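*Asks:* Got a file for you: coords_13.pdb, PDB, C-alpha atoms.
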```pdb
ATOM      1  CA  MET A   1      14.371  -3.797   1.961
ATOM      2  CA  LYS A   2      10.594  -3.492   1.418
ATOM      3  CA  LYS A   3       9.024  -2.574   4.755
ATOM      4  CA  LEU A   4       5.456  -3.867   5.285
ATOM      5  CA  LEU A   5       3.275  -2.475   8.100
ATOM      6  CA  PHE A   6       0.315  -4.606   9.081
ATOM      7  CA  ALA A   7      -2.310  -3.065  11.394
ATOM      8  CA  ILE A   8      -3.507  -6.148  13.249
ATOM      9  CA  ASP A   9      -6.957  -6.626  14.797
ATOM     10  CA  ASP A  10      -8.915  -9.482  16.370
ATOM     11  CA  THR A  11     -11.101 -10.028  13.301
ATOM     12  CA  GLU A  12     -11.524 -12.777  10.733
ATOM     13  CA  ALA A  13     -10.647 -10.234   8.006
ATOM     14  CA  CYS A  14      -7.261  -9.592   9.662
ATOM     15  CA  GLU A  15      -6.746 -13.356   9.858
ATOM     16  CA  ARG A  16      -7.311 -13.473   6.077
ATOM     17  CA  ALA A  17      -4.967 -10.502   5.702
ATOM     18  CA  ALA A  18      -2.239 -12.350   7.670
ATOM     19  CA  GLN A  19      -2.572 -15.427   5.387
ATOM     20  CA  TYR A  20      -2.570 -13.173   2.328
ATOM     21  CA  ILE A  21       0.669 -11.437   3.360
ATOM     22  CA  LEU A  22       2.206 -14.885   3.788
ATOM     23  CA  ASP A  23       0.908 -16.057   0.366
ATOM     24  CA  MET A  24       2.060 -12.884  -1.366
ATOM     25  CA  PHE A  25       5.316 -11.924   0.459
ATOM     26  CA  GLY A  26       6.410 -15.053   2.342
ATOM     27  CA  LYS A  27       9.173 -16.080  -0.086
ATOM     28  CA  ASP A  28      10.507 -12.539  -0.429
ATOM     29  CA  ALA A  29      13.986 -12.168   1.091
ATOM     30  CA  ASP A  30      14.143  -8.356   0.679
ATOM     31  CA  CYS A  31      11.133  -7.853   2.859
ATOM     32  CA  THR A  32      10.348  -7.194   6.529
ATOM     33  CA  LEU A  33       6.987  -7.307   8.271
ATOM     34  CA  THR A  34       5.983  -5.083  11.182
ATOM     35  CA  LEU A  35       2.840  -5.767  13.220
ATOM     36  CA  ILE A  36       1.345  -2.648  14.837
ATOM     37  CA  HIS A  37      -1.210  -2.543  17.591
ATOM     38  CA  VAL A  38      -2.330   0.656  19.326
ATOM     39  CA  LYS A  39      -3.544   0.718  22.910
ATOM     40  CA  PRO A  40      -6.497   3.205  22.698
ATOM     41  CA  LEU A  44     -11.245   9.756  30.856
ATOM     42  CA  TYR A  45     -14.444  11.545  31.914
ATOM     43  CA  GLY A  46     -16.796  10.780  34.814
ATOM     44  CA  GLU A  47     -16.364   9.109  38.206
ATOM     45  CA  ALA A  48     -17.132   5.593  36.892
ATOM     46  CA  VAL A  49     -14.511   5.749  34.096
ATOM     47  CA  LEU A  50     -11.927   7.274  36.488
ATOM     48  CA  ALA A  51     -12.299   4.522  39.117
ATOM     49  CA  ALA A  52     -11.854   1.784  36.476
ATOM     50  CA  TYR A  53      -8.677   3.442  35.041
ATOM     51  CA  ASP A  54      -6.199   0.877  36.452
ATOM     52  CA  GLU A  55      -8.277  -2.218  35.571
ATOM     53  CA  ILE A  56      -8.765  -0.837  32.023
ATOM     54  CA  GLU A  57      -5.020  -0.067  31.581
ATOM     55  CA  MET A  58      -4.170  -3.600  32.774
ATOM     56  CA  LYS A  59      -6.792  -5.175  30.473
ATOM     57  CA  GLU A  60      -5.441  -3.263  27.453
ATOM     58  CA  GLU A  61      -1.791  -4.159  28.167
ATOM     59  CA  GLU A  62      -2.876  -7.826  28.416
ATOM     60  CA  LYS A  63      -4.959  -7.635  25.206
ATOM     61  CA  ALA A  64      -2.019  -5.988  23.373
ATOM     62  CA  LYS A  65       0.382  -8.728  24.444
ATOM     63  CA  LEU A  66      -2.024 -11.574  23.495
ATOM     64  CA  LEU A  67      -3.007 -10.167  20.107
ATOM     65  CA  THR A  68       0.578  -9.348  19.061
ATOM     66  CA  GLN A  69       1.748 -12.782  20.233
ATOM     67  CA  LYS A  70      -1.077 -14.505  18.316
ATOM     68  CA  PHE A  71      -0.142 -12.761  15.069
ATOM     69  CA  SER A  72       3.586 -13.144  15.755
ATOM     70  CA  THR A  73       3.192 -16.929  16.302
ATOM     71  CA  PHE A  74       1.154 -17.226  13.082
ATOM     72  CA  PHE A  75       4.023 -15.762  11.075
ATOM     73  CA  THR A  76       7.033 -17.221  12.950
ATOM     74  CA  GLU A  77       5.830 -20.846  12.459
ATOM     75  CA  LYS A  78       5.693 -20.136   8.716
ATOM     76  CA  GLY A  79       9.103 -18.533   7.984
ATOM     77  CA  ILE A  80       8.501 -14.839   8.758
ATOM     78  CA  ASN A  81      10.061 -13.259  11.836
ATOM     79  CA  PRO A  82       8.050 -10.049  12.190
ATOM     80  CA  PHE A  83       8.770  -6.902  14.124
ATOM     81  CA  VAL A  84       6.204  -5.713  16.628
ATOM     82  CA  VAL A  85       5.349  -2.121  17.459
ATOM     83  CA  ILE A  86       2.921  -1.460  20.301
ATOM     84  CA  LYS A  87       1.877   2.201  20.525
ATOM     85  CA  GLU A  88      -0.639   4.170  22.545
ATOM     86  CA  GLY A  89      -2.969   6.926  21.423
ATOM     87  CA  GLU A  90      -5.878   7.138  19.009
ATOM     88  CA  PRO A  91      -5.475   3.886  17.021
ATOM     89  CA  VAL A  92      -6.122   5.234  13.488
ATOM     90  CA  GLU A  93      -3.945   8.385  13.859
ATOM     91  CA  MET A  94      -1.062   6.365  15.345
ATOM     92  CA  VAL A  95      -1.206   3.780  12.519
ATOM     93  CA  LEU A  96      -1.114   6.515   9.824
ATOM     94  CA  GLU A  97       1.767   8.265  11.642
ATOM     95  CA  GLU A  98       3.800   5.012  11.931
ATOM     96  CA  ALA A  99       3.147   4.274   8.218
ATOM     97  CA  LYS A 100       5.417   7.201   7.207
ATOM     98  CA  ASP A 101       8.462   4.971   7.676
ATOM     99  CA  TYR A 102       7.170   2.001   5.609
ATOM    100  CA  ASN A 103       6.562   0.995   1.974
ATOM    101  CA  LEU A 104       3.099  -0.647   2.249
ATOM    102  CA  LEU A 105       0.300  -0.456   4.835
ATOM    103  CA  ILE A 106      -1.963  -3.536   5.066
ATOM    104  CA  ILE A 107      -5.378  -3.405   6.723
ATOM    105  CA  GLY A 108      -8.245  -5.858   7.214
ATOM    106  CA  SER A 109     -11.583  -4.241   6.411
ATOM    107  CA  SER A 110     -14.754  -5.490   8.115
ATOM    108  CA  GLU A 111     -17.682  -4.065  10.080
ATOM    109  CA  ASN A 112     -15.943  -5.046  13.373
ATOM    110  CA  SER A 113     -12.566  -3.463  12.442
ATOM    111  CA  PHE A 114     -10.959  -0.965  14.822
ATOM    112  CA  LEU A 115     -10.993   1.361  11.779
ATOM    113  CA  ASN A 116     -14.806   1.487  11.877
ATOM    114  CA  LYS A 117     -15.384   1.988  15.619
ATOM    115  CA  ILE A 118     -17.785   4.844  16.345
ATOM    116  CA  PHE A 119     -15.016   7.142  17.602
ATOM    117  CA  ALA A 120     -12.233   6.064  15.190
ATOM    118  CA  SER A 121     -10.697   8.882  13.182
ATOM    119  CA  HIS A 122     -10.179   9.276   9.410
ATOM    120  CA  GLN A 123     -13.270   7.247   8.439
ATOM    121  CA  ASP A 124     -13.863   9.710   5.592
ATOM    122  CA  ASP A 125     -10.283  10.139   4.352
ATOM    123  CA  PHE A 126      -8.078   7.231   5.533
ATOM    124  CA  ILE A 127      -6.658   6.312   2.092
ATOM    125  CA  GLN A 128      -6.233   9.970   1.150
ATOM    126  CA  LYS A 129      -4.329  10.644   4.389
ATOM    127  CA  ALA A 130      -2.156   7.490   4.245
ATOM    128  CA  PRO A 131       1.431   8.500   3.448
ATOM    129  CA  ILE A 132       2.082   5.279   1.491
ATOM    130  CA  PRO A 133       0.126   2.724  -0.609
ATOM    131  CA  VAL A 134      -2.595   0.769   1.184
ATOM    132  CA  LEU A 135      -3.570  -2.851   0.700
ATOM    133  CA  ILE A 136      -7.137  -3.584   1.784
ATOM    134  CA  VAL A 137      -8.105  -7.193   2.484
ATOM    135  CA  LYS A 138     -11.659  -8.267   3.326
TER
ATOM    136  CA  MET B   1       1.092 -18.265  -9.932
ATOM    137  CA  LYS B   2      -0.209 -15.100  -8.249
ATOM    138  CA  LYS B   3      -2.270 -13.063 -10.710
ATOM    139  CA  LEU B   4      -1.962  -9.291 -10.612
ATOM    140  CA  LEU B   5      -4.558  -7.076 -12.273
ATOM    141  CA  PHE B   6      -3.519  -3.482 -12.911
ATOM    142  CA  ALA B   7      -6.155  -1.003 -14.100
ATOM    143  CA  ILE B   8      -4.341   1.515 -16.303
ATOM    144  CA  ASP B   9      -5.373   5.146 -16.889
ATOM    145  CA  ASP B  10      -3.779   8.274 -18.293
ATOM    146  CA  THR B  11      -2.759   9.640 -14.849
ATOM    147  CA  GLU B  12       0.536  10.294 -13.039
ATOM    148  CA  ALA B  13      -0.899   8.185 -10.200
ATOM    149  CA  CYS B  14      -1.050   5.226 -12.596
ATOM    150  CA  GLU B  15       2.590   5.883 -13.615
ATOM    151  CA  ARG B  16       3.492   5.709  -9.884
ATOM    152  CA  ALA B  17       1.475   2.514  -9.487
ATOM    153  CA  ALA B  18       3.329   0.859 -12.413
ATOM    154  CA  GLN B  19       6.743   1.642 -10.860
ATOM    155  CA  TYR B  20       5.493   0.493  -7.439
ATOM    156  CA  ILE B  21       4.432  -2.831  -8.953
ATOM    157  CA  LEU B  22       7.954  -3.237 -10.323
ATOM    158  CA  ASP B  23       9.496  -2.306  -6.941
ATOM    159  CA  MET B  24       7.282  -4.671  -4.936
ATOM    160  CA  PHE B  25       6.705  -7.591  -7.307
ATOM    161  CA  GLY B  26       9.356  -7.132 -10.031
ATOM    162  CA  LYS B  27      11.789  -9.821  -8.817
ATOM    163  CA  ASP B  28       8.961 -12.320  -8.210
ATOM    164  CA  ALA B  29       8.973 -15.177 -10.755
ATOM    165  CA  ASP B  30       5.604 -16.523  -9.517
ATOM    166  CA  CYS B  31       3.667 -13.374 -10.559
ATOM    167  CA  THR B  32       1.694 -12.738 -13.721
ATOM    168  CA  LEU B  33       0.662  -9.187 -14.573
ATOM    169  CA  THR B  34      -2.439  -8.315 -16.582
ATOM    170  CA  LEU B  35      -3.180  -4.731 -17.648
ATOM    171  CA  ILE B  36      -6.819  -3.674 -18.092
ATOM    172  CA  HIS B  37      -8.215  -0.633 -19.887
ATOM    173  CA  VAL B  38     -11.959  -0.018 -20.279
ATOM    174  CA  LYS B  39     -13.230   2.252 -23.040
ATOM    175  CA  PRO B  40     -16.319   4.159 -21.792
ATOM    176  CA  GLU B  41     -19.690   3.881 -23.575
ATOM    177  CA  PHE B  42     -20.613   6.417 -26.246
ATOM    178  CA  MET B  43     -22.104   9.721 -25.062
ATOM    179  CA  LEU B  44     -21.572  13.066 -26.856
ATOM    180  CA  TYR B  45     -23.118  16.510 -27.095
ATOM    181  CA  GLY B  46     -25.007  17.186 -30.351
ATOM    182  CA  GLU B  47     -22.576  20.015 -31.165
ATOM    183  CA  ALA B  48     -19.682  17.513 -31.038
ATOM    184  CA  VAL B  49     -21.631  14.942 -33.099
ATOM    185  CA  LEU B  50     -21.858  17.565 -35.894
ATOM    186  CA  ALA B  51     -18.375  19.053 -35.495
ATOM    187  CA  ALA B  52     -16.236  15.917 -35.119
ATOM    188  CA  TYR B  53     -18.147  12.561 -35.217
ATOM    189  CA  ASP B  54     -15.519  10.597 -37.192
ATOM    190  CA  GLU B  55     -12.462  11.904 -35.313
ATOM    191  CA  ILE B  56     -13.819  11.500 -31.748
ATOM    192  CA  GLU B  57     -14.432   7.772 -32.401
ATOM    193  CA  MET B  58     -10.960   7.523 -33.965
ATOM    194  CA  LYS B  59      -9.348   9.395 -31.057
ATOM    195  CA  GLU B  60     -11.073   7.048 -28.601
ATOM    196  CA  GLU B  61      -9.525   3.931 -30.210
ATOM    197  CA  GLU B  62      -6.152   5.721 -30.313
ATOM    198  CA  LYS B  63      -6.349   6.337 -26.527
ATOM    199  CA  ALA B  64      -6.676   2.600 -25.917
ATOM    200  CA  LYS B  65      -3.735   1.843 -28.233
ATOM    201  CA  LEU B  66      -1.467   4.583 -26.833
ATOM    202  CA  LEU B  67      -2.186   3.666 -23.206
ATOM    203  CA  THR B  68      -1.649  -0.084 -23.619
ATOM    204  CA  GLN B  69       1.510   0.511 -25.669
ATOM    205  CA  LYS B  70       2.890   2.915 -23.045
ATOM    206  CA  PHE B  71       2.457   0.440 -20.177
ATOM    207  CA  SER B  72       3.451  -2.593 -22.256
ATOM    208  CA  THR B  73       6.714  -0.831 -23.065
ATOM    209  CA  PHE B  74       7.234   0.178 -19.441
ATOM    210  CA  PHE B  75       7.039  -3.405 -18.195
ATOM    211  CA  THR B  76       8.662  -5.285 -21.108
ATOM    212  CA  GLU B  77      11.812  -3.104 -20.886
ATOM    213  CA  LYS B  78      12.040  -4.162 -17.233
ATOM    214  CA  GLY B  79      11.675  -7.897 -18.003
ATOM    215  CA  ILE B  80       7.892  -8.365 -17.508
ATOM    216  CA  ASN B  81       5.698  -9.402 -20.474
ATOM    217  CA  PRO B  82       2.171  -8.442 -19.303
ATOM    218  CA  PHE B  83      -1.174  -9.716 -20.569
ATOM    219  CA  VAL B  84      -3.327  -6.870 -21.874
ATOM    220  CA  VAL B  85      -7.129  -6.713 -21.727
ATOM    221  CA  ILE B  86      -9.239  -4.036 -23.370
ATOM    222  CA  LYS B  87     -12.984  -3.936 -22.650
ATOM    223  CA  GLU B  88     -15.747  -1.493 -23.568
ATOM    224  CA  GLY B  89     -18.501  -0.669 -21.082
ATOM    225  CA  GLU B  90     -18.930   0.984 -17.697
ATOM    226  CA  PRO B  91     -15.371   1.036 -16.352
ATOM    227  CA  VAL B  92     -16.139   0.403 -12.649
ATOM    228  CA  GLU B  93     -18.448  -2.601 -13.344
ATOM    229  CA  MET B  94     -16.018  -4.022 -15.953
ATOM    230  CA  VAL B  95     -12.911  -3.796 -13.733
ATOM    231  CA  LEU B  96     -14.704  -5.362 -10.723
ATOM    232  CA  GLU B  97     -16.088  -8.228 -12.857
ATOM    233  CA  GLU B  98     -12.624  -8.932 -14.361
ATOM    234  CA  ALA B  99     -11.045  -8.835 -10.870
ATOM    235  CA  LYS B 100     -12.916 -12.026  -9.807
ATOM    236  CA  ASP B 101     -10.241 -14.130 -11.542
ATOM    237  CA  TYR B 102      -7.177 -12.487 -10.000
ATOM    238  CA  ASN B 103      -5.297 -12.359  -6.695
ATOM    239  CA  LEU B 104      -4.593  -8.623  -6.464
ATOM    240  CA  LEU B 105      -6.157  -5.538  -8.042
ATOM    241  CA  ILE B 106      -3.899  -2.468  -8.226
ATOM    242  CA  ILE B 107      -5.176   1.036  -8.949
ATOM    243  CA  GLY B 108      -3.585   4.507  -8.953
ATOM    244  CA  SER B 109      -5.748   6.944  -6.994
ATOM    245  CA  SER B 110      -6.651  10.105  -8.952
ATOM    246  CA  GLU B 111      -9.576  12.425  -9.778
ATOM    247  CA  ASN B 112      -8.854  11.441 -13.401
ATOM    248  CA  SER B 113      -8.832   7.654 -12.927
ATOM    249  CA  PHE B 114     -11.373   5.332 -14.613
ATOM    250  CA  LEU B 115     -13.416   5.931 -11.428
ATOM    251  CA  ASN B 116     -13.357   9.719 -12.014
ATOM    252  CA  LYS B 117     -12.741  10.227  -8.300
ATOM    253  CA  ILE B 118      -9.872   9.828  -5.878
ATOM    254  CA  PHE B 119     -10.068   7.024  -3.273
ATOM    255  CA  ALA B 120     -10.910   8.670  -0.001
ATOM    256  CA  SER B 121     -11.501   5.893   2.506
ATOM    257  CA  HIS B 122     -11.396   2.159   3.148
ATOM    258  CA  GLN B 123     -15.213   2.552   3.425
ATOM    259  CA  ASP B 124     -15.412   3.582  -0.277
ATOM    260  CA  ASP B 125     -18.054   1.719  -2.278
ATOM    261  CA  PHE B 126     -15.540   0.515  -4.876
ATOM    262  CA  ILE B 127     -13.308  -0.916  -2.111
ATOM    263  CA  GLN B 128     -16.341  -2.599  -0.489
ATOM    264  CA  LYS B 129     -17.428  -4.127  -3.851
ATOM    265  CA  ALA B 130     -13.969  -5.472  -4.815
ATOM    266  CA  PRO B 131     -14.036  -9.313  -4.931
ATOM    267  CA  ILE B 132     -10.320  -9.580  -4.085
ATOM    268  CA  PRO B 133      -7.730  -7.543  -2.141
ATOM    269  CA  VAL B 134      -7.120  -4.071  -3.577
ATOM    270  CA  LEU B 135      -3.889  -2.086  -3.532
ATOM    271  CA  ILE B 136      -4.275   1.675  -3.857
ATOM    272  CA  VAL B 137      -1.258   3.721  -4.867
ATOM    273  CA  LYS B 138      -1.216   7.522  -4.429
TER
END
```
Kindly transcribe the structure held in the file into structure tokens.
*Replies:*
Amino acid sequence: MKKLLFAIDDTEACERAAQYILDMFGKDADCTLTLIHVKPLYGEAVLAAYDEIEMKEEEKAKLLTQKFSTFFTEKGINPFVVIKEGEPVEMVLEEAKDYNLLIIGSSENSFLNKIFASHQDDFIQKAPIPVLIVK
Amino acid sequence: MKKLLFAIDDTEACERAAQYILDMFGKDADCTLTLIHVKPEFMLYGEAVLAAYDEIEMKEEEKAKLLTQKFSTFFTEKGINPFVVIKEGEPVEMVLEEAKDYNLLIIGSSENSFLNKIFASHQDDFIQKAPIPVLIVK
């Protein structure tokens, strides 16, 4: 079984990536798809918002994973979902160790390119498996 | 038909990419595979022009033959009859231009690739210039 890991994001590039996976792997029987989303404290203001922020992120994680899950399940793919927490980029690369292909959507608004996202200089070099980049 | 374009080089990374293509797309009857090799433009030192002019040009054509034969054999023995394209020019420009007419570009990442540098990041210029999705094999 070929294990695909798709790092989802709320971007149009990830929407194109989802369609592309379907176009390229949708008729493949020996193939599973896993959607990964990673839920991402200093100063009084940040500390007081902690609970509201944690709630917002849990809600965002559920909605985004459901949106991508529904996209696939109505078109013949029953994906797995993995929701992690930590630094998004590091957690994606760590999860990828157990898969055969990592798929990412690349765009300016990608979680990969956030100001504080890790591995912006070496992502492909650090990836333990092949990487498919869709724009 | 989904059109795969595979840029071939004389690297172990490219050997890994070829096998990965077989593993991921080998059983797919709606795939075509095209191999591309780009011969670089002529530049030599004067010392080499004097010492070996005839045989460096000959060796450069032999590289193209030997590479395309190696990968043609690899795939044909596993049931895939690939198309083969040989260009001459600036490899990066040539591969990216050819890629416009395909569905997936596959490259083995290596310091010795046609790019002469390993892929480091998704932010890499080559990745950003690619007109189609790119699959990078390490």
*Asks:* To one decimal place in Å, what is the distance between atom CA of residue 105 of chain A and atom CA of residue 3 of chain B?
*Replies:* 20.2 Å
*Asks:* Counting all atoms listed in the file, what is within 12 Å of residue 32 of chain A, bar same-chain residues fewer than 4 positions away, as a ChimeraX atom specification?
*Replies:* /A:1-6,21-22,25-28,75,79-84,102-104
*Asks:* Near segment 71-86 of chain B, counting all atoms listed in the file, which residues have an atom at most 12 Å away, once you skip same-chain residues fewer than 2 positions from it, shown as a CSV table (one decimal) with C-alpha atoms, keeping the file's coordinate frame?
*Replies:*
```csv
chain,number,residue,atom,x,y,z
B,3,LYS,CA,-2.3,-13.1,-10.7
B,4,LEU,CA,-2.0,-9.3,-10.6
B,5,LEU,CA,-4.6,-7.1,-12.3
B,6,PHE,CA,-3.5,-3.5,-12.9
B,7,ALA,CA,-6.2,-1.0,-14.1
B,8,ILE,CA,-4.3,1.5,-16.3
B,9,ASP,CA,-5.4,5.1,-16.9
B,10,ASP,CA,-3.8,8.3,-18.3
B,11,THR,CA,-2.8,9.6,-14.8
B,14,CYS,CA,-1.0,5.2,-12.6
B,15,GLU,CA,2.6,5.9,-13.6
B,16,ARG,CA,3.5,5.7,-9.9
B,17,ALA,CA,1.5,2.5,-9.5
B,18,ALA,CA,3.3,0.9,-12.4
B,19,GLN,CA,6.7,1.6,-10.9
B,20,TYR,CA,5.5,0.5,-7.4
B,21,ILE,CA,4.4,-2.8,-9.0
B,22,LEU,CA,8.0,-3.2,-10.3
B,23,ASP,CA,9.5,-2.3,-6.9
B,25,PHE,CA,6.7,-7.6,-7.3
B,26,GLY,CA,9.4,-7.1,-10.0
B,27,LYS,CA,11.8,-9.8,-8.8
B,28,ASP,CA,9.0,-12.3,-8.2
B,29,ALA,CA,9.0,-15.2,-10.8
B,30,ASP,CA,5.6,-16.5,-9.5
B,31,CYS,CA,3.7,-13.4,-10.6
B,32,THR,CA,1.7,-12.7,-13.7
B,33,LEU,CA,0.7,-9.2,-14.6
B,34,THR,CA,-2.4,-8.3,-16.6
B,35,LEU,CA,-3.2,-4.7,-17.6
B,36,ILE,CA,-6.8,-3.7,-18.1
B,37,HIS,CA,-8.2,-0.6,-19.9
B,38,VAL,CA,-12.0,0.0,-20.3
B,39,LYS,CA,-13.2,2.3,-23.0
B,40,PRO,CA,-16.3,4.2,-21.8
B,61,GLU,CA,-9.5,3.9,-30.2
B,63,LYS,CA,-6.3,6.3,-26.5
B,64,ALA,CA,-6.7,2.6,-25.9
B,65,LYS,CA,-3.7,1.8,-28.2
B,66,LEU,CA,-1.5,4.6,-26.8
B,67,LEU,CA,-2.2,3.7,-23.2
B,68,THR,CA,-1.6,-0.1,-23.6
B,69,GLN,CA,1.5,0.5,-25.7
B,88,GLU,CA,-15.7,-1.5,-23.6
B,89,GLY,CA,-18.5,-0.7,-21.1
B,91,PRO,CA,-15.4,1.0,-16.4
B,94,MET,CA,-16.0,-4.0,-16.0
B,95,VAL,CA,-12.9,-3.8,-13.7
B,98,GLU,CA,-12.6,-8.9,-14.4
B,99,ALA,CA,-11.0,-8.8,-10.9
```
*Asks:* Using only C-alpha atoms, find which residues of chain A lie within 7 Å of chain B and jot them down as a list in words.
*Replies:*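 Only these qualify: residues 123, 124, 125, 126, 127, 128, 133, 134, 135, 136, 137 and 138 of chain A.
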*Asks:* Residues within 9 Å of residue 110 of chain A, please, as a list in words. Count all atoms listed in the file; anything in the same chain fewer than 5 positions from it doesn't count.
*Replies:* residues 11, 12, 13, 14, 115, 116, 137 and 138 of chain A
*Asks:* Do you have the atom CA of residue 18 of chain A-atom CA of residue 63 of chain A distance handy?
*Replies:*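 Between atom CA of residue 18 of chain A and atom CA of residue 63 of chain A the gap is 18.4 Å.
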*Asks:* Looking at only C-alpha atoms, which of A:46, A:130, A:77, A:108 is the one that sits closest to residue 20 of chain A?
*Replies:*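 Going through A:46, A:130, A:77, A:108 one by one, the smallest distance to residue 20 of chain A is for A:108.
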*Asks:* Once the PyMOL selection byres ((chain A and resi 93) around 10) has been evaluated on this model, what residues remain selected, and can you format them as a list in words?
*Replies:*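 Those residues are residues 38, 89, 90, 91, 92, 94, 95, 96, 97, 98, 99, 120, 121, 122, 126, 129 and 130 of chain A.
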*Asks:* With all atoms listed in the file as the basis for distance, which of A:50, A:106, A:45, A:8 is at the shortest distance from residue 64 of chain A?
*Replies:*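 Looking at the shortest contact to residue 64 of chain A, the residue is A:8.
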*Asks:* So how far away is atom CA of residue 107 of chain B from atom CA of residue 37 of chain A, in Å?
*Replies:*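 Distance reported for this atom pair: 27.1 Å.
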*Asks:* Using only C-alpha atoms, which residue out of A:39, A:112, A:29, A:132 lies closest to residue 58 of chain A?
*Replies:*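 For residue 58 of chain A, the nearest of the candidates is A:39.
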*Asks:* For each of A:36, A:88, A:48, A:74, take the minimum atom-to-atom distance to residue 60 of chain A, counting all atoms listed in the file, then give the residue where this is smallest.
*Replies:*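 For residue 60 of chain A, the nearest of the candidates is A:88.
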*Asks:* Reconstruct N, CA, C and O atoms of segment 101-115 of chain B from the incomplete input and present them as a compact mmCIF listing (two decimals), keeping the file's coordinate frame.
*Replies:*
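So selection_6.txt came out as:
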```txt
# COMPACT_ATOMS: atom_id res chain seq x y z
N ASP B 101 -11.13 -13.04 -11.12
CA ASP B 101 -10.24 -14.13 -11.54
C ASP B 101 -8.78 -13.87 -11.22
O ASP B 101 -7.89 -14.50 -11.80
N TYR B 102 -8.54 -12.94 -10.30
CA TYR B 102 -7.18 -12.49 -10.00
C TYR B 102 -6.91 -12.54 -8.50
O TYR B 102 -7.82 -12.83 -7.71
N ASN B 103 -5.67 -12.30 -8.11
CA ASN B 103 -5.30 -12.36 -6.70
C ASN B 103 -5.10 -10.98 -6.08
O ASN B 103 -5.23 -10.81 -4.87
N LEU B 104 -4.77 -10.00 -6.92
CA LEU B 104 -4.59 -8.62 -6.46
C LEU B 104 -5.01 -7.66 -7.57
O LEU B 104 -4.64 -7.86 -8.74
N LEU B 105 -5.80 -6.66 -7.19
CA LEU B 105 -6.16 -5.54 -8.04
C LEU B 105 -5.39 -4.30 -7.58
O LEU B 105 -5.42 -3.95 -6.40
N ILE B 106 -4.73 -3.64 -8.53
CA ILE B 106 -3.90 -2.47 -8.23
C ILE B 106 -4.46 -1.30 -9.00
O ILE B 106 -4.68 -1.41 -10.21
N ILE B 107 -4.64 -0.18 -8.32
CA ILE B 107 -5.18 1.04 -8.95
C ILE B 107 -4.42 2.27 -8.44
O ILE B 107 -4.12 2.36 -7.25
N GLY B 108 -4.10 3.19 -9.35
CA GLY B 108 -3.58 4.51 -8.95
C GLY B 108 -4.73 5.45 -8.63
O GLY B 108 -5.66 5.60 -9.43
N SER B 109 -4.68 6.08 -7.46
CA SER B 109 -5.75 6.94 -6.99
C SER B 109 -5.63 8.35 -7.59
O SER B 109 -4.60 9.01 -7.43
N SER B 110 -6.66 8.79 -8.30
CA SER B 110 -6.65 10.10 -8.95
C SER B 110 -8.06 10.55 -9.32
O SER B 110 -8.92 9.73 -9.62
N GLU B 111 -8.31 11.86 -9.30
CA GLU B 111 -9.58 12.42 -9.78
C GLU B 111 -9.83 12.04 -11.24
O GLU B 111 -10.98 12.02 -11.70
N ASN B 112 -8.76 11.75 -11.98
CA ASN B 112 -8.85 11.44 -13.40
C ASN B 112 -8.77 9.95 -13.74
O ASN B 112 -8.69 9.58 -14.91
N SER B 113 -8.80 9.10 -12.72
CA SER B 113 -8.83 7.65 -12.93
C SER B 113 -10.13 7.21 -13.62
O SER B 113 -11.06 7.99 -13.79
N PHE B 114 -10.18 5.93 -14.01
CA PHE B 114 -11.37 5.33 -14.61
C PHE B 114 -12.59 5.43 -13.68
O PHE B 114 -13.72 5.27 -14.11
N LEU B 115 -12.34 5.70 -12.39
CA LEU B 115 -13.42 5.93 -11.43
C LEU B 115 -13.88 7.38 -11.41
O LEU B 115 -14.94 7.69 -10.85
```
